[PDB]
Structure formats: structure tokens, C-alpha cells
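Taking it in order: structure first as C-alpha cells, then the write-up.
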Amino acid sequence: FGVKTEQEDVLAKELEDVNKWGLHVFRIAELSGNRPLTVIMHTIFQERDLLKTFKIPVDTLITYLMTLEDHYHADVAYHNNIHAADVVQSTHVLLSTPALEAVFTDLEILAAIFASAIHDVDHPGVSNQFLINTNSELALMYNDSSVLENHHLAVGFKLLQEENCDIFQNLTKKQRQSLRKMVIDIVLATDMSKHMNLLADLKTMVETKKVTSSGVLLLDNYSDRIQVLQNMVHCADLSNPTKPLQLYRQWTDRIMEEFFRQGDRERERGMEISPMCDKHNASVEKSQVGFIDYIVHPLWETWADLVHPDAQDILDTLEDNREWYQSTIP
Ligand SMILES: COc1ccc([C@@H]2CNC(=O)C2)cc1OC1CCCC1
Ligand SMILES: [Mg+2]
Ligand SMILES: [Zn+2]
């Protein structure tokens, strides 16, 4: 035909919000036939001219993206392809913040976006500790240390070896070694066990923050550049409470479903039920308020400082949503 179907047109129209915080990611998931990660990644790669810059064949990119997306679990309520697509898209927006204009190279941009896409791939919907406590083969392989995060990376990279999936086939060895290091550094930093140190270092950078004559941040060395990228993607991963409440609440429903399911498995097995995984002793609203007060607000406040005043609306929304959950505590 050569013209879009009406569903494809409606999808294209939704994708016009790809550069906006609060993209209707769940509608995109539905409209795309459960291919939000593929369609959002493809849109972002085109928008950023990544295919031309890195000589990525388009069929190779689509094959890889579908393969990656296929290895997110459809039965996992939160850590699935919709979450991945959300984190990609959120990272995409954070990358284009005025305070960061012309700071990152195309390869660093590629790293952050690719890292976002793969960062939860093959997540079983249970915690590292559950995998450790059950003596899972995964935990055995990874010595109980960032078990899932190591796995997400290993899977993300391994899938490049499937038929016509090597999207990095035209990168030089130098580009590939650099890209790989950055991707690993970013995804391993998504382990919540690393949050406090990641935030401490972000704070230290905001303390010593330097800005150019152009007004954007100055990042001289790899340590500062990767730290900002790690924190950016970590912010994207922890961005749900900063979204419009209609979106945020769907994420809360999902994380609670995933948590309660793990709790049910723990109970079944006679294991102690992990924090916030007990459907019979839950405080969904109190827990979101605590999540925000102790983890998300501290991070986003510091990010908002780093990129002042770019993230002011995101922070305002976070505080509005915090107050809404607070107001709903029974
Ligand atoms: C929308 O809420 C939440 C969204 C995301 C996360 C985790 C952050 N990183 C992950 O991999 C999942 C926790 C949430 O809420 C917590 C408080 C109550 C249950 C867990
Ligand atoms: Mg994760
Ligand atoms: Zn995630």
C-alpha cells in the first residue's frame, strides 16, 4: 500500500510526544501490538540520527529491538517491556535537557539509550534476594552480587549475536569497547543497593558543579561524564512518581502486583515475606510516600540542582503526587 494503516497513523500521532515527559506509554504499548520498546527505540534512533551516525542497518535494528523486547517477560507486571520503553523514553528526554546541550557525544547518547533499553531484560519479577535465597543458578553464576543487573547486561549483549541482530556491527573496536564499558557502568548502577553512593557522588558533583560560558554543565573526565549518565538513567528508572498521576498510579498498581506475587511465592515456600510484598499487610499509599521521601525526591532534588532550572516542573509534579498519596493514607 505504502500508506499507514489507521492504527499505525494513530500510533505515529502518539509518538509525536516522544520528546515530552509523560508520553502515553501504555497507549503506545496497546497501539503497537505490545511493541512499545521497539517502536519507541526506533523513533528515538531516527530522531537522533543514530542509524546514520553508527551505520546501523534498519532491519538489523528492528530485528534486534524485537528480540530484546521478546526477552522481557509479558507475565511480569512491572519489570517488562513497557517499563523498559518508559525508561528509554525518559532517558531520551533527560538527555535533551538545556543544561546538558552539547555535553554528550553521540556514542555516550547511544550508550545511555541502549543501557536504558536492556537494563531490566529477562527480569523474572522477583528480587535478587529471592534468587539468592532459593540458590538459583543465576545467583550461583553471579556470586549473589547484582545478580539480576549482571544478567540484564549479559542478555542485552548476548542477543546481539542472534540472526541479523548485531546493531553495533559497523562500530570500530574502540567505539565498541567504549560503548560496552559505559553501558555496563550505567546498568550496574541501576541496582538499588548502589543508590546511596550514586546519590552521594551526584551531590558532590552538584557541590563542585562547573558551568560553561554557554551555560551548560562542564564534564571533563570519564568519571564525571559516566556519573551523570548513571544518575540520569537511574533517575529515569525512578521517574514513575514524577509523571502525571494517571501514569504514576498505573506504575504503582504494577509494582505492587509484582511485589505481592513475590510475597505470595515467599509465603507458599515458607520464606519470610520481603518488605512491601505482603498483600495482607500492605500500605500502598504510605509506601509510595516513603519511596518518594526517602529515595525519589532526594535523587530528583539533586538532579534538579545539577540541571537547574530545567527539571523544576518534574520536581513540582513529584511533590504534587507525593501530596496526593499522602492525602489518601487511610
Ligand atoms: C511506582 O512505585 C515504584 C516504582 C519502582 C520501584 C522500584 C525501583 N526500581 C525498581 O526496579 C523497582 C519501586 C516502587 O515503589 C516501591 C514502594 C512500594 C513498593 C515498591
Ligand atoms: Mg532493575
Ligand atoms: Zn528498571
Side-chain angles (χ1 to χ4, degrees), residues 25-26 36-37 68 71-73 76-91 112-113 115-131 138 142 146-156 184 186-196 198-199 230-263 273-279 281-300 317-318 321-322 324-326 328-329:
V25 67
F26 296 100
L37 182 61
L68 179 66
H71 282 75
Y72 280 87
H73 297 199
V76 171
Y78 183 95
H79 293 103
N80 56 46
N81 55 317
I82 314 171
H83 170 65
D86 182 46
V87 176
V88 167
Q89 190 264 334
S90 301
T91 293
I113 293 165
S116 294
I118 73 167
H119 83 281
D120 271 335
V121 63
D122 204 34
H123 198 297
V126 294
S127 65
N128 283 332
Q129 200 60 53
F130 184 95
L131 295 177
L138 256 190
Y142 288 117
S146 294
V147 171
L148 279 174
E149 294 79 11
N150 274 297
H151 185 58
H152 302 320
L153 276 165
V155 176
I184 290 159
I186 294 160
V187 179
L188 290 175
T190 66
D191 188 339
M192 281 299 315
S193 75
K194 308 293 177 206
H195 167 81
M196 292 301 177
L198 213 50
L199 181 48
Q230 289 170 319
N231 274 288
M232 179 187 300
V233 171
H234 181 56
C235 284
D237 198 31
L238 300 189
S239 66
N240 298 160
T242 76
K243 298 298 171 70
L245 195 54
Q246 292 154 122
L247 286 165
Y248 179 15
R249 287 242 282 163
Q250 291 182 77
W251 294 120
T252 307
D253 288 4
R254 283 172 179 272
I255 197 61
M256 292 321 295
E257 172 174 351
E258 188 171 316
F259 275 30
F260 293 158
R261 201 171 319 177
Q262 170 167 339
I273 297 163
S274 291
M276 301 164 300
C277 295
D278 193 354
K279 67 189 182 192
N281 297 295
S283 308
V284 174
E285 305 87 353
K286 278 193 195 184
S287 288
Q288 284 304 313
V289 171
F291 182 45
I292 292 167
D293 292 351
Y294 288 106
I295 291 150
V296 184
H297 190 277
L299 176 61
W300 274 103
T317 306
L318 176 56
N321 289 340
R322 191 268 178 192
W324 185 90
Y325 268 107
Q326 179 82 313
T328 298
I329 291 163

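The chain is numbered in sequence order, starting from 1. For ligands, and for the atoms within them, numbers begin at 1 and follow the listed sequence.
- When every heavy atom of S146 is checked against every heavy atom of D191, the shortest pair comes out as OG-OD2, 2.6 Å.
- Side chains of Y72 and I82 form no contact here, defined as non-hydrogen atoms less than 4.5 Å apart.
- Of the candidates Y248, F291, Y325, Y294, it is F291 that places a heavy atom closest to atom 3 (C) of ligand 1.
- In this structure, atom 17 (C) of ligand 1 has protein heavy atoms in its sub-4.0 angstrom surroundings.
- In this structure, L238 CG and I292 CD1 are separated by 11.5 Å, a value rounded to the nearest 0.5 Å.
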Begin with the C-alpha distance, continue with both residues' side-chain angles, and end with the deciding distance and a verdict on side-chain hydrogen bond (donor to acceptor under 3.5 Å, both in side chains) for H73 and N80. CA-CA 6 Å; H73 297 199; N80 56 46; over 6 Å; no
Between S127 and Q262, is a side-chain hydrogen bond (donor to acceptor under 3.5 Å, both in side chains) present by the stated rule, with each step listed? CA-CA 8 Å; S127 65; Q262 170 167 339; 3.1 Å; yes
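- The ligand atoms of ligand 1 that sit less than 4.0 angstrom from a heavy atom of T252 are 1 (C).
- Nearest protein heavy-atom contact of atom 15 (O) of ligand 1 is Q288 NE2, 3.1 Å.
- Among the atoms of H83, an N, O or S atom falls under 2.8 Å of the Zn ion (ligand 3).
- Residue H119 forms a ring-ring contact (aromatic ring centres under 6.0 Å, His included) with just one option from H83, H151, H79, and that option is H83.
- Every atom of ligand 1 with a heavy atom of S287 under 4.0 Å away is listed here by number and element: 17 (C), 18 (C).
- Residue-ligand proximity: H79 is placed with a non-hydrogen atom under 4.0 Å from ligand 1.
- Within the listing of ligand 1, atoms 18 (C), 19 (C) sit less than 4.0 angstrom from a heavy atom of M256.
- Within 6.0 Å of CZ in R322 there are more than 12 heavy atoms belonging to other residues, nucleotides or ligands.
- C277 approaches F259 most closely through the heavy-atom pair CB-O, 3.1 Å.
- With respect to the Zn ion (ligand 3), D120 has OD2 as its nearest N, O or S atom.
- Salt bridge status for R261 with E257: present, with a side-chain N to carboxylate O gap under 4.0 Å.
- Between the OG1 atom of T317 and the CH2 atom of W324 there is a distance of 15.0 Å, given to the nearest 0.5 Å.
- Scanning the protein heavy atoms around atom 8 (C) of ligand 1, the nearest turns out to be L238 CD2, 3.4 Å.
- Under 2.8 Å from the Zn ion (ligand 3) lies no N/O/S atom of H123, from backbone or side chain alike.
- Of all the N, O or S atoms in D237, the one closest to the Zn ion (ligand 3) is OD1.
- When only non-hydrogen protein atoms are considered, atom 4 (C) of ligand 1 lies nearest to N240 OD1, 3.5 Å.
- Atom 5 (C) of ligand 1 has its closest protein heavy atom at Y78 OH, 3.5 Å.
- Per residue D120, closest N, O or S atom to the Mg ion (ligand 2): atom name OD1.
- Expressed to the nearest 0.5 Å, how far OG1 of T328 lies from CD of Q288 amounts to 11.5 Å.
- Not a single N, O or S atom of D237, from either the backbone or the side chain, sits less than 2.8 Å from the Mg ion (ligand 2).
- Among all non-hydrogen protein atoms, the one lying nearest atom 20 (C) of ligand 1 is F259 CE2, 3.3 Å.
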